[PDB]
């Protein structure tokens, strides 16, 4: 449900084939928030419970609303927490395909961490989904250093954070249908592109 720590808790000797690391939006609960659980249930349908590990970014990422105003759209401590999870995935399960996502402040955190990641780990992320991406205008819909074909951005018309503002309007809270269908559909397709099936 809203907290998932499958990577931290998982046995190295029985690594999942796919590891999904997700960062929640500002003020959301657990480490998956409102959208993460919907994506998680559909990835489990696709690869089976033992086939995919779901890991939210918890720890130092407090998802404080005010940190949306910092340079990278989140704090340095939160970025360090998410890279540490990617370094644990790469050490614990070196053959797993990685996929990732973030909502709102968590989308800026996701993009900032990918930009700073060692390229051998970054290149294992087969696909990333970003909802209400707070740096959408500033980064021109891209994640720095990461291919456009592996990126999918969900930015609703009227969601002012996609158009360079930090105002929270009702379309920013309307990503539920995307998290239920198109975003897991994109992630599963990108994993099967490289893994076959």
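Residue numbers count along the first chain shown, from 1.
Between 10-18 and 172-180, it is 10-18 that carries the larger average Cα temperature factor according to the deposited entry. Of the two segments, 147-155 and 42-50, the one listed with the higher mean B-factor is 42-50 (C-alpha atoms only). Within the listed group 66, 36, 58, 164, the record reports its top CA B-factor for 164. Taking only the listed residues 114, 99, 82, 120, the entry reports the highest CA temperature factor at 120. Ranked by Cα temperature factor within the chain, residue 136 sits in the lowest third according to the deposited record. Split the chain's modelled residues into thirds by C-alpha temperature factor. Residue 90 is in the highest one. Among all modelled residues in this chain, the alpha-carbon of residue 75 has a temperature factor (C-alpha) in the middle third.
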